[PDB]
Amino acid sequence: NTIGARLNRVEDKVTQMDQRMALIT
Amino acid sequence: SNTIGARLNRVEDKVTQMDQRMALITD
Amino acid sequence: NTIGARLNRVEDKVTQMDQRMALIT
């Protein structure tokens, strides 16, 4: 897959883990 | 070893493992 | 912005959150 595609996928994922975080801690 | 591409690789590895450990912290 | 800054910002975020998880497990 493309770097453009991969980069986007990781920016959102980090964003998702951050929200799972926020709801706990 | 340090192109945007090689570093992307590392950052997705870290993200992958981090996402699992996370299932142990919360849903 | 650029692909470089975007990768930097994401490394930045991943790093901050790893230290937060490292405290727990």
# chains A, B, ... in the order shown; residues from 1 in each chain; ligands from 1
$ interface_residues --of "chain C" --to "chain A" --cutoff "8 Å" --atoms "only C-alpha atoms" --output "number ranges by chain"
C: 7, 10, 13-14, 17
$ calpha_fit_and_write --fixed "chain A" --moving "chain C" --output "mmCIF file with N, CA and C atoms, in the first residue's frame"
data_model
loop_
_atom_site.group_PDB
_atom_site.id
_atom_site.type_symbol
_atom_site.label_atom_id
_atom_site.label_comp_id
_atom_site.auth_asym_id
_atom_site.auth_seq_id
_atom_site.Cartn_x
_atom_site.Cartn_y
_atom_site.Cartn_z
ATOM 1 N N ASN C 1 0.051 -0.125 0.994
ATOM 2 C CA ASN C 1 -0.064 0.887 -0.128
ATOM 3 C C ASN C 1 0.921 2.067 -0.016
ATOM 4 N N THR C 2 0.596 3.179 -0.668
ATOM 5 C CA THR C 2 1.418 4.397 -0.704
ATOM 6 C C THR C 2 1.869 4.842 0.698
ATOM 7 N N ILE C 3 2.865 5.725 0.779
ATOM 8 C CA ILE C 3 3.282 6.266 2.088
ATOM 9 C C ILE C 3 2.227 7.162 2.736
ATOM 10 N N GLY C 4 1.445 7.831 1.882
ATOM 11 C CA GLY C 4 0.383 8.733 2.285
ATOM 12 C C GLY C 4 -0.748 7.998 2.960
ATOM 13 N N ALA C 5 -1.258 6.955 2.295
ATOM 14 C CA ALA C 5 -2.347 6.149 2.855
ATOM 15 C C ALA C 5 -1.944 5.492 4.174
ATOM 16 N N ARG C 6 -0.692 5.032 4.237
ATOM 17 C CA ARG C 6 -0.153 4.376 5.410
ATOM 18 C C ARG C 6 -0.070 5.304 6.617
ATOM 19 N N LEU C 7 0.412 6.517 6.404
ATOM 20 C CA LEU C 7 0.335 7.567 7.392
ATOM 21 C C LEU C 7 -1.093 7.921 7.753
ATOM 22 N N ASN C 8 -1.996 7.941 6.770
ATOM 23 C CA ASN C 8 -3.383 8.291 7.092
ATOM 24 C C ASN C 8 -3.964 7.239 8.009
ATOM 25 N N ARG C 9 -3.634 5.988 7.732
ATOM 26 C CA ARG C 9 -4.288 4.903 8.403
ATOM 27 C C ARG C 9 -3.764 4.901 9.809
ATOM 28 N N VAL C 10 -2.507 5.215 9.953
ATOM 29 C CA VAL C 10 -1.980 5.259 11.266
ATOM 30 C C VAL C 10 -2.527 6.471 12.064
ATOM 31 N N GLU C 11 -2.591 7.666 11.493
ATOM 32 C CA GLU C 11 -3.293 8.771 12.187
ATOM 33 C C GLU C 11 -4.700 8.404 12.638
ATOM 34 N N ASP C 12 -5.430 7.778 11.713
ATOM 35 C CA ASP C 12 -6.752 7.217 11.967
ATOM 36 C C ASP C 12 -6.785 6.362 13.235
ATOM 37 N N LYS C 13 -5.930 5.337 13.301
ATOM 38 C CA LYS C 13 -5.816 4.445 14.479
ATOM 39 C C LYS C 13 -5.406 5.134 15.767
ATOM 40 N N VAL C 14 -4.417 5.996 15.713
ATOM 41 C CA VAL C 14 -3.963 6.738 16.876
ATOM 42 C C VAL C 14 -5.062 7.594 17.454
ATOM 43 N N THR C 15 -5.823 8.235 16.573
ATOM 44 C CA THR C 15 -6.957 9.076 16.958
ATOM 45 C C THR C 15 -8.058 8.277 17.648
ATOM 46 N N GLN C 16 -8.388 7.117 17.121
ATOM 47 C CA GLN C 16 -9.452 6.321 17.705
ATOM 48 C C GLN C 16 -9.056 5.904 19.152
ATOM 49 N N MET C 17 -7.848 5.388 19.279
ATOM 50 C CA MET C 17 -7.340 5.014 20.567
ATOM 51 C C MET C 17 -7.074 6.129 21.582
ATOM 52 N N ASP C 18 -6.819 7.348 21.125
ATOM 53 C CA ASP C 18 -6.647 8.423 22.080
ATOM 54 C C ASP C 18 -7.974 8.761 22.792
ATOM 55 N N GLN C 19 -9.084 8.639 22.075
ATOM 56 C CA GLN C 19 -10.352 8.979 22.647
ATOM 57 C C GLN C 19 -10.753 7.926 23.660
ATOM 58 N N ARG C 20 -10.247 6.705 23.474
ATOM 59 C CA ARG C 20 -10.485 5.576 24.381
ATOM 60 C C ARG C 20 -9.681 5.790 25.670
ATOM 61 N N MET C 21 -8.435 6.228 25.549
ATOM 62 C CA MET C 21 -7.658 6.534 26.725
ATOM 63 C C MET C 21 -8.100 7.799 27.433
ATOM 64 N N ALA C 22 -8.524 8.787 26.659
ATOM 65 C CA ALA C 22 -9.017 10.034 27.206
ATOM 66 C C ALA C 22 -10.185 9.778 28.165
ATOM 67 N N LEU C 23 -11.019 8.785 27.880
ATOM 68 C CA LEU C 23 -12.069 8.423 28.840
ATOM 69 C C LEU C 23 -11.549 7.903 30.195
ATOM 70 N N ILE C 24 -10.334 7.365 30.242
ATOM 71 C CA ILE C 24 -9.875 6.707 31.445
ATOM 72 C C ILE C 24 -9.032 7.613 32.273
ATOM 73 N N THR C 25 -7.976 8.120 31.661
ATOM 74 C CA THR C 25 -7.092 9.051 32.324
ATOM 75 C C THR C 25 -6.910 10.155 31.394
#
$ interface_residues --of "chain B" --to "chain A" --cutoff "9 Å" --atoms "only C-alpha atoms" --output "ChimeraX atom specification"
/B:4-5,8,11-12,15,18-19,22,25-27
$ write_last_selection --atoms "N, CA, C and O atoms" --output "PDB file, in the first residue's frame"
ATOM      1  N   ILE B   4      11.518   9.072   5.218  1.00  0.00           N
ATOM      2  CA  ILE B   4      10.147   9.107   5.702  1.00  0.00           C
ATOM      3  C   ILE B   4       9.599   7.679   5.718  1.00  0.00           C
ATOM      4  O   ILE B   4       9.054   7.243   6.722  1.00  0.00           O
ATOM      5  N   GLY B   5       9.789   6.949   4.621  1.00  0.00           N
ATOM      6  CA  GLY B   5       9.394   5.560   4.512  1.00  0.00           C
ATOM      7  C   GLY B   5       9.912   4.616   5.575  1.00  0.00           C
ATOM      8  O   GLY B   5       9.153   3.764   6.058  1.00  0.00           O
ATOM      9  N   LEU B   8       8.149   5.758   8.880  1.00  0.00           N
ATOM     10  CA  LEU B   8       6.753   5.347   8.841  1.00  0.00           C
ATOM     11  C   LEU B   8       6.636   3.916   9.334  1.00  0.00           C
ATOM     12  O   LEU B   8       5.920   3.659  10.279  1.00  0.00           O
ATOM     13  N   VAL B  11       6.918   3.595  13.108  1.00  0.00           N
ATOM     14  CA  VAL B  11       5.727   4.212  13.732  1.00  0.00           C
ATOM     15  C   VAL B  11       4.443   3.338  13.609  1.00  0.00           C
ATOM     16  O   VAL B  11       3.638   3.296  14.549  1.00  0.00           O
ATOM     17  N   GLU B  12       4.268   2.635  12.480  1.00  0.00           N
ATOM     18  CA  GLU B  12       3.163   1.668  12.385  1.00  0.00           C
ATOM     19  C   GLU B  12       3.369   0.414  13.253  1.00  0.00           C
ATOM     20  O   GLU B  12       2.405  -0.103  13.780  1.00  0.00           O
ATOM     21  N   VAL B  15       2.595   1.495  16.614  1.00  0.00           N
ATOM     22  CA  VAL B  15       1.135   1.695  16.710  1.00  0.00           C
ATOM     23  C   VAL B  15       0.359   0.392  16.861  1.00  0.00           C
ATOM     24  O   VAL B  15      -0.643   0.367  17.577  1.00  0.00           O
ATOM     25  N   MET B  18       1.025  -1.159  20.438  1.00  0.00           N
ATOM     26  CA  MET B  18       0.348  -0.252  21.308  1.00  0.00           C
ATOM     27  C   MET B  18      -1.146  -0.457  21.288  1.00  0.00           C
ATOM     28  O   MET B  18      -1.774  -0.368  22.315  1.00  0.00           O
ATOM     29  N   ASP B  19      -1.711  -0.732  20.122  1.00  0.00           N
ATOM     30  CA  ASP B  19      -3.155  -0.978  20.005  1.00  0.00           C
ATOM     31  C   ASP B  19      -3.666  -2.276  20.737  1.00  0.00           C
ATOM     32  O   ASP B  19      -4.765  -2.299  21.303  1.00  0.00           O
ATOM     33  N   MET B  22      -3.463  -1.941  24.493  1.00  0.00           N
ATOM     34  CA  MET B  22      -4.588  -1.092  24.829  1.00  0.00           C
ATOM     35  C   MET B  22      -5.867  -1.881  25.164  1.00  0.00           C
ATOM     36  O   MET B  22      -6.590  -1.541  26.092  1.00  0.00           O
ATOM     37  N   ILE B  25      -6.050  -2.386  28.587  1.00  0.00           N
ATOM     38  CA  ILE B  25      -6.357  -1.240  29.458  1.00  0.00           C
ATOM     39  C   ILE B  25      -7.811  -0.864  29.442  1.00  0.00           C
ATOM     40  O   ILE B  25      -8.371  -0.501  30.482  1.00  0.00           O
ATOM     41  N   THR B  26      -8.423  -0.972  28.260  1.00  0.00           N
ATOM     42  CA  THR B  26      -9.835  -0.583  28.031  1.00  0.00           C
ATOM     43  C   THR B  26     -10.395  -0.993  26.683  1.00  0.00           C
ATOM     44  O   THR B  26      -9.656  -1.174  25.723  1.00  0.00           O
ATOM     45  N   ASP B  27     -11.713  -1.056  26.564  1.00  0.00           N
ATOM     46  CA  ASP B  27     -12.241  -1.283  25.227  1.00  0.00           C
ATOM     47  C   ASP B  27     -12.316  -0.034  24.290  1.00  0.00           C
ATOM     48  O   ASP B  27     -12.426  -0.121  23.053  1.00  0.00           O
TER      49      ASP B  27
END
$ select_by_dssp --residues "chain B" --states "alpha helix (DSSP H)" --output "ChimeraX atom specification"
/B:4-23
